[PDB]
$ cat structure31.pdb   # PDB, C-alpha atoms
ATOM      1  CA  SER R   1     127.926  38.851 223.018
ATOM      2  CA  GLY R   2     127.154  40.343 219.592
ATOM      3  CA  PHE R   3     123.793  40.196 217.840
ATOM      4  CA  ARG R   4     122.950  38.291 214.666
ATOM      5  CA  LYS R   5     120.005  37.283 212.531
ATOM      6  CA  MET R   6     119.868  33.620 213.533
ATOM      7  CA  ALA R   7     117.746  30.700 212.334
ATOM      8  CA  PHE R   8     116.817  27.621 214.315
ATOM      9  CA  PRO R   9     118.884  24.484 213.683
ATOM     10  CA  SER R  10     117.209  22.820 210.748
ATOM     11  CA  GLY R  11     118.084  19.144 211.122
ATOM     12  CA  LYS R  12     114.703  18.115 212.483
ATOM     13  CA  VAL R  13     112.934  19.640 209.492
ATOM     14  CA  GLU R  14     115.497  18.465 206.910
ATOM     15  CA  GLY R  15     114.481  14.876 207.654
ATOM     16  CA  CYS R  16     110.874  15.709 206.765
ATOM     17  CA  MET R  17     111.481  17.092 203.269
ATOM     18  CA  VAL R  18     110.466  14.915 200.314
ATOM     19  CA  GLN R  19     109.983  15.442 196.603
ATOM     20  CA  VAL R  20     106.490  15.390 195.095
ATOM     21  CA  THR R  21     105.874  15.093 191.351
ATOM     22  CA  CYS R  22     102.497  15.098 189.627
ATOM     23  CA  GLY R  23     102.771  14.851 185.878
ATOM     24  CA  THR R  24     105.365  17.380 184.766
ATOM     25  CA  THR R  25     105.421  19.471 187.976
ATOM     26  CA  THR R  26     107.852  18.831 190.856
ATOM     27  CA  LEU R  27     107.930  20.620 194.209
ATOM     28  CA  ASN R  28     108.595  19.931 197.867
ATOM     29  CA  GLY R  29     106.409  18.179 200.381
ATOM     30  CA  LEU R  30     106.559  17.841 204.138
ATOM     31  CA  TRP R  31     106.443  14.216 205.374
ATOM     32  CA  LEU R  32     105.076  13.904 208.915
ATOM     33  CA  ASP R  33     103.818  10.557 210.181
ATOM     34  CA  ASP R  34     102.103   8.847 207.190
ATOM     35  CA  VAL R  35     100.985  12.065 205.425
ATOM     36  CA  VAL R  36     102.838  14.198 202.886
ATOM     37  CA  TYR R  37     101.775  17.855 202.780
ATOM     38  CA  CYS R  38     102.362  19.940 199.634
ATOM     39  CA  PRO R  39     100.820  22.856 197.700
ATOM     40  CA  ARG R  40      97.793  21.822 195.675
ATOM     41  CA  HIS R  41      99.121  23.592 192.606
ATOM     42  CA  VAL R  42     101.354  20.582 192.131
ATOM     43  CA  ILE R  43      98.483  19.384 189.917
ATOM     44  CA  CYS R  44      98.667  22.410 187.601
ATOM     45  CA  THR R  45     100.420  23.052 184.332
ATOM     46  CA  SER R  46     101.881  26.498 183.747
ATOM     47  CA  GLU R  47      98.754  27.109 181.658
ATOM     48  CA  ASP R  48      96.447  25.881 184.445
ATOM     49  CA  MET R  49      97.887  28.513 186.806
ATOM     50  CA  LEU R  50      96.323  31.361 184.847
ATOM     51  CA  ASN R  51      92.877  30.233 185.989
ATOM     52  CA  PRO R  52      92.730  26.834 187.746
ATOM     53  CA  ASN R  53      89.629  25.008 188.958
ATOM     54  CA  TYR R  54      91.402  22.784 191.469
ATOM     55  CA  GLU R  55      88.380  20.572 192.172
ATOM     56  CA  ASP R  56      88.115  19.736 188.460
ATOM     57  CA  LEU R  57      91.863  19.250 187.909
ATOM     58  CA  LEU R  58      91.915  16.877 190.889
ATOM     59  CA  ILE R  59      89.259  14.620 189.309
ATOM     60  CA  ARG R  60      91.795  13.607 186.672
ATOM     61  CA  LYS R  61      94.260  12.544 189.406
ATOM     62  CA  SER R  62      94.564   9.245 191.291
ATOM     63  CA  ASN R  63      96.860   7.979 194.043
ATOM     64  CA  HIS R  64      99.460   6.715 191.548
ATOM     65  CA  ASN R  65      99.661  10.065 189.710
ATOM     66  CA  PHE R  66     101.523  11.448 192.762
ATOM     67  CA  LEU R  67     105.153  10.343 192.898
ATOM     68  CA  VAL R  68     106.671  10.928 196.346
ATOM     69  CA  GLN R  69     110.432  10.477 196.701
ATOM     70  CA  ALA R  70     112.513  10.594 199.906
ATOM     71  CA  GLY R  71     116.136  10.329 198.903
ATOM     72  CA  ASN R  72     116.368   7.536 196.344
ATOM     73  CA  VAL R  73     113.407   5.786 198.013
ATOM     74  CA  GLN R  74     109.867   5.866 196.613
ATOM     75  CA  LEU R  75     106.915   6.193 198.982
ATOM     76  CA  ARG R  76     103.633   4.500 198.123
ATOM     77  CA  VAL R  77     100.605   6.827 197.990
ATOM     78  CA  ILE R  78      97.466   5.160 199.374
ATOM     79  CA  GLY R  79      95.125   8.147 199.761
ATOM     80  CA  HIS R  80      94.884  11.841 198.875
ATOM     81  CA  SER R  81      92.657  14.778 199.727
ATOM     82  CA  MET R  82      92.570  18.540 199.225
ATOM     83  CA  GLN R  83      92.382  20.737 202.336
ATOM     84  CA  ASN R  84      92.100  24.396 201.418
ATOM     85  CA  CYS R  85      95.210  25.081 199.338
ATOM     86  CA  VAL R  86      97.272  22.022 200.387
ATOM     87  CA  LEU R  87      97.101  18.434 199.247
ATOM     88  CA  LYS R  88      97.494  15.694 201.881
ATOM     89  CA  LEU R  89      98.986  12.517 200.372
ATOM     90  CA  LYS R  90      98.558   9.504 202.643
ATOM     91  CA  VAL R  91     101.497   7.126 202.324
ATOM     92  CA  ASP R  92     101.971   3.574 203.543
ATOM     93  CA  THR R  93     105.048   4.393 205.677
ATOM     94  CA  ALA R  94     105.237   6.624 208.722
ATOM     95  CA  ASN R  95     108.264   8.873 208.523
ATOM     96  CA  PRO R  96     110.715   7.355 211.059
ATOM     97  CA  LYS R  97     112.351  10.803 211.463
ATOM     98  CA  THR R  98     109.116  12.600 212.399
ATOM     99  CA  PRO R  99     109.921  15.027 215.224
ATOM    100  CA  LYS R 100     107.489  16.217 217.819
ATOM    101  CA  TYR R 101     105.526  18.855 215.918
ATOM    102  CA  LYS R 102     102.557  21.225 215.852
ATOM    103  CA  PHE R 103     100.787  23.256 213.192
ATOM    104  CA  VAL R 104     100.357  26.910 214.124
ATOM    105  CA  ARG R 105      98.981  29.975 212.404
ATOM    106  CA  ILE R 106     101.239  32.918 213.323
ATOM    107  CA  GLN R 107     100.333  36.592 213.803
ATOM    108  CA  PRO R 108     101.838  39.416 211.737
ATOM    109  CA  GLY R 109     105.138  40.449 213.289
ATOM    110  CA  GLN R 110     106.063  36.952 214.457
ATOM    111  CA  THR R 111     109.236  35.418 213.007
ATOM    112  CA  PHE R 112     110.187  31.939 211.847
ATOM    113  CA  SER R 113     112.986  30.086 210.067
ATOM    114  CA  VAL R 114     112.609  29.054 206.405
ATOM    115  CA  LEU R 115     114.299  25.929 205.043
ATOM    116  CA  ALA R 116     114.516  26.636 201.316
ATOM    117  CA  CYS R 117     114.427  23.359 199.366
ATOM    118  CA  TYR R 118     114.561  22.220 195.719
ATOM    119  CA  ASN R 119     113.575  18.738 194.448
ATOM    120  CA  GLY R 120     112.998  17.715 198.055
ATOM    121  CA  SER R 121     116.525  18.579 199.165
ATOM    122  CA  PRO R 122     117.418  21.355 201.657
ATOM    123  CA  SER R 123     119.380  24.254 200.210
ATOM    124  CA  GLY R 124     119.681  26.784 203.054
ATOM    125  CA  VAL R 125     118.023  28.353 206.069
ATOM    126  CA  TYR R 126     117.155  31.948 206.972
ATOM    127  CA  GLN R 127     114.845  34.042 209.158
ATOM    128  CA  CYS R 128     111.626  35.695 208.015
ATOM    129  CA  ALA R 129     108.811  37.631 209.589
ATOM    130  CA  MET R 130     105.157  37.676 208.662
ATOM    131  CA  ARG R 131     104.653  41.270 207.558
ATOM    132  CA  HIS R 132     101.467  43.165 208.456
ATOM    133  CA  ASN R 133     100.452  42.906 204.779
ATOM    134  CA  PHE R 134     100.761  39.086 205.109
ATOM    135  CA  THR R 135     103.743  38.744 202.770
ATOM    136  CA  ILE R 136     107.246  37.625 203.628
ATOM    137  CA  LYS R 137     110.519  38.820 202.135
ATOM    138  CA  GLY R 138     112.103  35.482 201.301
ATOM    139  CA  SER R 139     114.559  33.908 198.876
ATOM    140  CA  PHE R 140     112.579  31.545 196.640
ATOM    141  CA  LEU R 141     113.474  30.367 193.142
ATOM    142  CA  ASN R 142     111.611  28.035 190.813
ATOM    143  CA  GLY R 143     111.117  24.647 192.427
ATOM    144  CA  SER R 144     111.000  26.085 195.974
ATOM    145  CA  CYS R 145     107.222  25.766 196.529
ATOM    146  CA  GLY R 146     106.424  23.571 199.545
ATOM    147  CA  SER R 147     109.428  24.832 201.491
ATOM    148  CA  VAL R 148     108.280  25.403 205.066
ATOM    149  CA  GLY R 149     108.741  27.949 207.834
ATOM    150  CA  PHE R 150     108.885  26.866 211.462
ATOM    151  CA  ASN R 151     109.879  27.594 215.059
ATOM    152  CA  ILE R 152     111.416  25.130 217.549
ATOM    153  CA  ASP R 153     110.558  24.943 221.290
ATOM    154  CA  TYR R 154     113.089  22.457 222.784
ATOM    155  CA  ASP R 155     111.810  19.258 221.129
ATOM    156  CA  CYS R 156     108.703  20.613 219.332
ATOM    157  CA  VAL R 157     108.792  21.920 215.765
ATOM    158  CA  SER R 158     105.934  24.371 215.151
ATOM    159  CA  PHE R 159     105.283  24.649 211.436
ATOM    160  CA  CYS R 160     103.669  27.925 210.442
ATOM    161  CA  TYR R 161     104.318  28.488 206.713
ATOM    162  CA  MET R 162     104.385  26.662 203.398
ATOM    163  CA  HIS R 163     105.597  28.582 200.363
ATOM    164  CA  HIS R 164     103.227  28.842 197.377
ATOM    165  CA  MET R 165     103.598  32.030 195.301
ATOM    166  CA  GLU R 166     105.794  34.971 194.346
ATOM    167  CA  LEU R 167     103.910  38.172 193.663
ATOM    168  CA  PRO R 168     104.799  40.265 190.582
ATOM    169  CA  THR R 169     106.624  42.634 192.960
ATOM    170  CA  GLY R 170     109.014  39.916 194.171
ATOM    171  CA  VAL R 171     107.569  39.349 197.629
ATOM    172  CA  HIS R 172     106.298  35.962 198.720
ATOM    173  CA  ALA R 173     102.973  34.504 199.855
ATOM    174  CA  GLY R 174     101.909  31.138 201.167
ATOM    175  CA  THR R 175      99.812  29.200 203.618
ATOM    176  CA  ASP R 176      99.804  27.722 207.073
ATOM    177  CA  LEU R 177      99.932  23.927 207.184
ATOM    178  CA  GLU R 178      96.134  23.709 207.000
ATOM    179  CA  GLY R 179      96.232  25.280 203.536
ATOM    180  CA  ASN R 180      94.835  28.703 204.449
ATOM    181  CA  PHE R 181      96.737  31.531 202.781
ATOM    182  CA  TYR R 182      98.134  34.256 204.972
ATOM    183  CA  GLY R 183      96.297  37.389 203.854
ATOM    184  CA  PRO R 184      94.156  37.853 200.746
ATOM    185  CA  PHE R 185      96.370  35.979 198.300
ATOM    186  CA  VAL R 186      95.202  33.057 196.156
ATOM    187  CA  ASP R 187      97.065  30.303 194.289
ATOM    188  CA  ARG R 188      96.421  31.735 190.850
ATOM    189  CA  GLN R 189      98.789  33.572 188.493
ATOM    190  CA  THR R 190      96.904  36.873 188.522
ATOM    191  CA  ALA R 191      97.939  40.407 189.335
ATOM    192  CA  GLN R 192      97.808  40.534 193.129
ATOM    193  CA  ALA R 193      99.136  43.551 194.940
ATOM    194  CA  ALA R 194     100.268  43.792 198.524
ATOM    195  CA  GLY R 195      99.034  46.520 200.797
ATOM    196  CA  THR R 196     101.166  48.892 202.827
ATOM    197  CA  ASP R 197     104.251  47.304 204.408
ATOM    198  CA  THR R 198     104.010  48.774 207.891
ATOM    199  CA  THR R 199     107.036  48.528 210.194
ATOM    200  CA  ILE R 200     106.736  46.203 213.191
ATOM    201  CA  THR R 201     107.216  48.775 215.953
ATOM    202  CA  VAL R 202     107.399  46.334 218.863
ATOM    203  CA  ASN R 203     110.167  44.487 216.994
ATOM    204  CA  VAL R 204     112.268  47.596 216.364
ATOM    205  CA  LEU R 205     112.036  48.371 220.091
ATOM    206  CA  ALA R 206     113.244  44.914 221.058
ATOM    207  CA  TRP R 207     116.165  45.339 218.661
ATOM    208  CA  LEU R 208     117.027  48.698 220.233
ATOM    209  CA  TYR R 209     117.026  46.926 223.597
ATOM    210  CA  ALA R 210     119.345  44.309 222.094
ATOM    211  CA  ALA R 211     121.735  47.019 220.910
ATOM    212  CA  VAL R 212     121.840  48.619 224.363
ATOM    213  CA  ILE R 213     122.641  45.230 225.925
ATOM    214  CA  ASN R 214     125.447  44.880 223.337
ATOM    215  CA  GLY R 215     127.045  48.339 223.867
ATOM    216  CA  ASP R 216     125.449  50.457 221.091
ATOM    217  CA  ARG R 217     123.878  53.247 223.194
ATOM    218  CA  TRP R 218     124.495  56.450 221.137
ATOM    219  CA  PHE R 219     120.781  56.673 220.143
ATOM    220  CA  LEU R 220     119.658  56.884 223.782
ATOM    221  CA  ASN R 221     118.334  60.427 224.422
ATOM    222  CA  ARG R 222     117.197  62.469 227.478
ATOM    223  CA  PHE R 223     113.506  62.477 226.493
ATOM    224  CA  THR R 224     110.435  60.348 227.175
ATOM    225  CA  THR R 225     107.006  60.273 225.462
ATOM    226  CA  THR R 226     103.462  58.883 225.785
ATOM    227  CA  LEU R 227     101.919  56.021 223.738
ATOM    228  CA  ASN R 228      99.538  58.542 222.052
ATOM    229  CA  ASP R 229     102.338  61.058 221.319
ATOM    230  CA  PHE R 230     104.618  58.278 219.995
ATOM    231  CA  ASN R 231     101.802  56.760 217.867
ATOM    232  CA  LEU R 232     101.166  60.140 216.140
ATOM    233  CA  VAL R 233     104.819  60.008 214.959
ATOM    234  CA  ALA R 234     104.452  56.248 214.186
ATOM    235  CA  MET R 235     101.407  56.844 211.908
ATOM    236  CA  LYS R 236     103.427  59.348 209.785
ATOM    237  CA  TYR R 237     106.266  56.792 209.258
ATOM    238  CA  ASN R 238     103.911  53.792 208.545
ATOM    239  CA  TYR R 239     104.801  52.142 211.883
ATOM    240  CA  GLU R 240     102.341  49.892 213.689
ATOM    241  CA  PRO R 241     100.549  51.645 216.556
ATOM    242  CA  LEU R 242     102.119  50.557 219.866
ATOM    243  CA  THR R 243      99.773  49.032 222.475
ATOM    244  CA  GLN R 244      99.957  48.304 226.226
ATOM    245  CA  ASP R 245     100.251  44.599 225.275
ATOM    246  CA  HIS R 246     103.415  45.541 223.304
ATOM    247  CA  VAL R 247     104.748  47.524 226.334
ATOM    248  CA  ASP R 248     104.027  44.462 228.561
ATOM    249  CA  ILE R 249     105.932  42.128 226.160
ATOM    250  CA  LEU R 250     108.966  44.481 226.338
ATOM    251  CA  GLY R 251     108.875  44.455 230.179
ATOM    252  CA  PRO R 252     111.658  41.835 230.717
ATOM    253  CA  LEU R 253     113.997  43.835 228.406
ATOM    254  CA  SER R 254     113.053  47.119 230.165
ATOM    255  CA  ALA R 255     113.933  45.470 233.503
ATOM    256  CA  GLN R 256     117.323  44.087 232.329
ATOM    257  CA  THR R 257     118.371  47.425 230.739
ATOM    258  CA  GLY R 258     116.798  49.787 233.323
ATOM    259  CA  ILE R 259     115.329  51.726 230.349
ATOM    260  CA  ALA R 260     111.557  52.292 230.520
ATOM    261  CA  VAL R 261     109.648  51.375 227.313
ATOM    262  CA  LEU R 262     108.400  54.971 226.827
ATOM    263  CA  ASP R 263     112.033  56.232 227.106
ATOM    264  CA  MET R 264     113.113  53.788 224.356
ATOM    265  CA  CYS R 265     110.013  54.989 222.414
ATOM    266  CA  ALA R 266     111.251  58.629 222.581
ATOM    267  CA  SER R 267     114.685  57.523 221.293
ATOM    268  CA  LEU R 268     112.912  55.707 218.401
ATOM    269  CA  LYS R 269     110.832  58.859 217.695
ATOM    270  CA  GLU R 270     114.032  60.946 217.375
ATOM    271  CA  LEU R 271     115.655  58.328 215.063
ATOM    272  CA  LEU R 272     112.538  58.431 212.816
ATOM    273  CA  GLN R 273     112.452  62.255 212.819
ATOM    274  CA  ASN R 274     116.228  62.918 212.505
ATOM    275  CA  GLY R 275     117.598  59.751 210.841
ATOM    276  CA  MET R 276     120.754  57.872 211.900
ATOM    277  CA  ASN R 277     123.115  60.632 210.583
ATOM    278  CA  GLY R 278     125.113  57.957 208.682
ATOM    279  CA  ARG R 279     125.721  55.927 211.855
ATOM    280  CA  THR R 280     124.909  52.269 212.508
ATOM    281  CA  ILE R 281     123.103  50.253 215.154
ATOM    282  CA  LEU R 282     124.176  46.628 215.562
ATOM    283  CA  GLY R 283     125.897  46.965 212.198
ATOM    284  CA  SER R 284     122.807  48.139 210.284
ATOM    285  CA  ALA R 285     122.159  51.543 208.734
ATOM    286  CA  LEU R 286     118.377  51.229 209.189
ATOM    287  CA  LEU R 287     115.882  50.246 211.875
ATOM    288  CA  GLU R 288     115.435  46.453 211.905
ATOM    289  CA  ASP R 289     111.972  45.053 212.610
ATOM    290  CA  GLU R 290     112.387  41.305 212.056
ATOM    291  CA  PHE R 291     113.523  40.488 215.624
ATOM    292  CA  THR R 292     110.750  39.729 218.143
ATOM    293  CA  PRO R 293     111.087  40.427 221.871
ATOM    294  CA  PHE R 294     111.233  36.620 222.219
ATOM    295  CA  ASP R 295     114.038  36.499 219.652
ATOM    296  CA  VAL R 296     116.110  39.050 221.573
ATOM    297  CA  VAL R 297     115.720  37.296 224.938
ATOM    298  CA  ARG R 298     116.814  34.018 223.316
ATOM    299  CA  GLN R 299     120.017  35.430 221.807
ATOM    300  CA  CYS R 300     120.780  37.347 225.020
ATOM    301  CA  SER R 301     120.250  34.261 227.320
ATOM    302  CA  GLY R 302     121.387  31.406 224.986
ATOM    303  CA  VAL R 303     118.231  29.231 224.820
ATOM    304  CA  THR R 304     118.961  25.802 223.316
ATOM    305  CA  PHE R 305     116.744  23.070 221.856
TER     306      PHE R 305
END
$ encode --input "structure31.pdb" --output "structure tokens"
Amino acid sequence: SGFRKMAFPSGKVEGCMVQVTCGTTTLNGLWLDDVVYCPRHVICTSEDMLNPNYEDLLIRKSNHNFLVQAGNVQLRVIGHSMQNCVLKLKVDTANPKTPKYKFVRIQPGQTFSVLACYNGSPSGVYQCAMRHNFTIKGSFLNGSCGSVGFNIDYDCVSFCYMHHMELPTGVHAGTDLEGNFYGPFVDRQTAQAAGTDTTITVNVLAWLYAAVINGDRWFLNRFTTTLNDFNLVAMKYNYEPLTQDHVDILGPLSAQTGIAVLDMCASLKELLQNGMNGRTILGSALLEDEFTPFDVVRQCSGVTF
């Protein structure tokens, strides 16, 4: 047992990372089949980013202006097109290491693994969640644009995120693999503020279930509540209103622990109202909301891929 923030094994994605250079800008691209995907702002100078007209900047670009490098091997670019905020570079070689894959647009609250890369080469891997304000709290330095987020289902890699921007407040924004930004953000260097960072209530509850399974049970109280009563307390603490769908998703964990969802909800209410009194749960001194119910079942049943 024990409970840990855990990423998916990254080998299948590592073998899809390439380097993409256009003029004096270099970032990461994702090579699947005979297409390389990358952020369109690969065509921008630092001055262009203040106010780019991507359609116009792309006119000055041809196939050969895009250098794609996999290892010390150069791919030949035979076609290119802009789709929303991503460029698709068609290359003459299918990636032999292409895994089974899907593109998916995730919902706020869902989690995924990020493979942070620089110059096309993988640097590390960590877990993220799409916040309800459509940011993520990542680790992204210069050069990291085009790094991707993903989930793995046995043999299928589901890509859900490509990194594009860091807001002035240090959080991170980006697109799905069709180029559509999550949330209201745009690929321009302007003041963009995030909205309220609400806590992912259904995730906290799954984590509390995970603690109970792992022997941390001090927070369990003698009370129960109702969805409406709980949600009044949730609103005050900027927590996402809990729904019957959320209760249904927590059903398997309720069954394994013998603890009804509304009973766990009352324990969460008392932690929000009284604090943790300097104690810990699963080694954390705050309520963790970046584990999904799916995540908890996986790490409490040992699902492999």
$ atom_distance --input "structure31.pdb" --atom1 "atom CA of residue 136 of chain R" --atom2 "atom CA of residue 163 of chain R"
9.8 Å
$ resolve_selection --input "structure31.pdb" --expression "the PyMOL selection byres ((chain R and resi 265) around 8)" --output "PDB file with C-alpha atoms, in the frame of the given file"
ATOM      1  CA  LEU R 205     112.036  48.371 220.091  1.00  0.00           C
ATOM      2  CA  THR R 224     110.435  60.348 227.175  1.00  0.00           C
ATOM      3  CA  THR R 225     107.006  60.273 225.462  1.00  0.00           C
ATOM      4  CA  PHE R 230     104.618  58.278 219.995  1.00  0.00           C
ATOM      5  CA  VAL R 261     109.648  51.375 227.313  1.00  0.00           C
ATOM      6  CA  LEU R 262     108.400  54.971 226.827  1.00  0.00           C
ATOM      7  CA  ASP R 263     112.033  56.232 227.106  1.00  0.00           C
ATOM      8  CA  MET R 264     113.113  53.788 224.356  1.00  0.00           C
ATOM      9  CA  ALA R 266     111.251  58.629 222.581  1.00  0.00           C
ATOM     10  CA  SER R 267     114.685  57.523 221.293  1.00  0.00           C
ATOM     11  CA  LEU R 268     112.912  55.707 218.401  1.00  0.00           C
ATOM     12  CA  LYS R 269     110.832  58.859 217.695  1.00  0.00           C
TER      13      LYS R 269
END
$ residues_around --input "structure31.pdb" --residues "segment 26-33 of chain R" --least-positions-apart "6" --cutoff "9 Å" --atoms "only C-alpha atoms" --output "PDB file with C-alpha atoms, in the coordinates of the input"
ATOM      1  CA  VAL R  13     112.934  19.640 209.492  1.00  0.00           C
ATOM      2  CA  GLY R  15     114.481  14.876 207.654  1.00  0.00           C
ATOM      3  CA  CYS R  16     110.874  15.709 206.765  1.00  0.00           C
ATOM      4  CA  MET R  17     111.481  17.092 203.269  1.00  0.00           C
ATOM      5  CA  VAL R  18     110.466  14.915 200.314  1.00  0.00           C
ATOM      6  CA  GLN R  19     109.983  15.442 196.603  1.00  0.00           C
ATOM      7  CA  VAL R  20     106.490  15.390 195.095  1.00  0.00           C
ATOM      8  CA  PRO R  39     100.820  22.856 197.700  1.00  0.00           C
ATOM      9  CA  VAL R  42     101.354  20.582 192.131  1.00  0.00           C
ATOM     10  CA  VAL R  68     106.671  10.928 196.346  1.00  0.00           C
ATOM     11  CA  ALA R  70     112.513  10.594 199.906  1.00  0.00           C
ATOM     12  CA  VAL R  91     101.497   7.126 202.324  1.00  0.00           C
ATOM     13  CA  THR R  93     105.048   4.393 205.677  1.00  0.00           C
ATOM     14  CA  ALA R  94     105.237   6.624 208.722  1.00  0.00           C
ATOM     15  CA  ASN R  95     108.264   8.873 208.523  1.00  0.00           C
ATOM     16  CA  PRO R  96     110.715   7.355 211.059  1.00  0.00           C
ATOM     17  CA  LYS R  97     112.351  10.803 211.463  1.00  0.00           C
ATOM     18  CA  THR R  98     109.116  12.600 212.399  1.00  0.00           C
ATOM     19  CA  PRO R  99     109.921  15.027 215.224  1.00  0.00           C
ATOM     20  CA  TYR R 101     105.526  18.855 215.918  1.00  0.00           C
ATOM     21  CA  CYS R 117     114.427  23.359 199.366  1.00  0.00           C
ATOM     22  CA  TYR R 118     114.561  22.220 195.719  1.00  0.00           C
ATOM     23  CA  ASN R 119     113.575  18.738 194.448  1.00  0.00           C
ATOM     24  CA  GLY R 120     112.998  17.715 198.055  1.00  0.00           C
ATOM     25  CA  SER R 121     116.525  18.579 199.165  1.00  0.00           C
ATOM     26  CA  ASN R 142     111.611  28.035 190.813  1.00  0.00           C
ATOM     27  CA  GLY R 143     111.117  24.647 192.427  1.00  0.00           C
ATOM     28  CA  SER R 144     111.000  26.085 195.974  1.00  0.00           C
ATOM     29  CA  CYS R 145     107.222  25.766 196.529  1.00  0.00           C
ATOM     30  CA  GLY R 146     106.424  23.571 199.545  1.00  0.00           C
ATOM     31  CA  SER R 147     109.428  24.832 201.491  1.00  0.00           C
ATOM     32  CA  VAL R 148     108.280  25.403 205.066  1.00  0.00           C
TER      33      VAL R 148
END
$ resolve_selection --input "structure31.pdb" --expression "the PyMOL selection byres ((chain R and resi 170) around 10)" --output "PyMOL selection string"
chain R and resi 136-140+165-169+171-173
$ resolve_selection --input "structure31.pdb" --expression "the PyMOL selection byres ((chain R and resi 83) around 12)" --output "PDB file with C-alpha atoms, keeping the file's coordinate frame"
ATOM      1  CA  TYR R  37     101.775  17.855 202.780  1.00  0.00           C
ATOM      2  CA  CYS R  38     102.362  19.940 199.634  1.00  0.00           C
ATOM      3  CA  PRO R  39     100.820  22.856 197.700  1.00  0.00           C
ATOM      4  CA  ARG R  40      97.793  21.822 195.675  1.00  0.00           C
ATOM      5  CA  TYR R  54      91.402  22.784 191.469  1.00  0.00           C
ATOM      6  CA  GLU R  55      88.380  20.572 192.172  1.00  0.00           C
ATOM      7  CA  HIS R  80      94.884  11.841 198.875  1.00  0.00           C
ATOM      8  CA  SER R  81      92.657  14.778 199.727  1.00  0.00           C
ATOM      9  CA  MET R  82      92.570  18.540 199.225  1.00  0.00           C
ATOM     10  CA  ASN R  84      92.100  24.396 201.418  1.00  0.00           C
ATOM     11  CA  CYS R  85      95.210  25.081 199.338  1.00  0.00           C
ATOM     12  CA  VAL R  86      97.272  22.022 200.387  1.00  0.00           C
ATOM     13  CA  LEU R  87      97.101  18.434 199.247  1.00  0.00           C
ATOM     14  CA  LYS R  88      97.494  15.694 201.881  1.00  0.00           C
ATOM     15  CA  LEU R  89      98.986  12.517 200.372  1.00  0.00           C
ATOM     16  CA  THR R 175      99.812  29.200 203.618  1.00  0.00           C
ATOM     17  CA  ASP R 176      99.804  27.722 207.073  1.00  0.00           C
ATOM     18  CA  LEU R 177      99.932  23.927 207.184  1.00  0.00           C
ATOM     19  CA  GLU R 178      96.134  23.709 207.000  1.00  0.00           C
ATOM     20  CA  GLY R 179      96.232  25.280 203.536  1.00  0.00           C
ATOM     21  CA  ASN R 180      94.835  28.703 204.449  1.00  0.00           C
ATOM     22  CA  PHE R 181      96.737  31.531 202.781  1.00  0.00           C
TER      23      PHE R 181
END
$ closest_residue --input "structure31.pdb" --among "R:58, R:227, R:104, R:232" --to "residue 245 of chain R" --atoms "only C-alpha atoms"
R:227
$ closest_residue --input "structure31.pdb" --among "R:51, R:284, R:231, R:10" --to "residue 186 of chain R" --atoms "all atoms listed in the file"
R:51
$ atom_distance --input "structure31.pdb" --atom1 "atom CA of residue 202 of chain R" --atom2 "atom CA of residue 116 of chain R"
27.3 Å
$ closest_residue --input "structure31.pdb" --among "R:43, R:141, R:156, R:36" --to "residue 61 of chain R" --atoms "only C-alpha atoms"
R:43
$ atom_distance --input "structure31.pdb" --atom1 "atom CA of residue 243 of chain R" --atom2 "atom CA of residue 222 of chain R"
22.6 Å
$ residues_around --input "structure31.pdb" --residues "residue 246 of chain R" --least-positions-apart "2" --cutoff "12 Å" --atoms "all atoms listed in the file" --output "MDAnalysis selection string"
chainID R and resid 109 200:206 227 240:244 248:254 261:262 265 292:294
$ residues_around --input "structure31.pdb" --residues "residue 285 of chain R" --least-positions-apart "5" --cutoff "12 Å" --atoms "all atoms listed in the file" --output "list in words"
residues 271, 275, 276, 277, 278, 279 and 280 of chain R
$ closest_residue --input "structure31.pdb" --among "R:270, R:187, R:155, R:197" --to "residue 133 of chain R" --atoms "only C-alpha atoms"
R:197
$ residues_near_point --input "structure31.pdb" --point "(117.7, 36.6, 223.5)" --cutoff "12 Å" --atoms "only C-alpha atoms" --output "PyMOL selection string"
chain R and resi 1-6+206-207+209-211+213-214+252-253+256+291-304
$ closest_residue --input "structure31.pdb" --among "R:174, R:124, R:183, R:79" --to "residue 34 of chain R" --atoms "all atoms listed in the file"
R:79
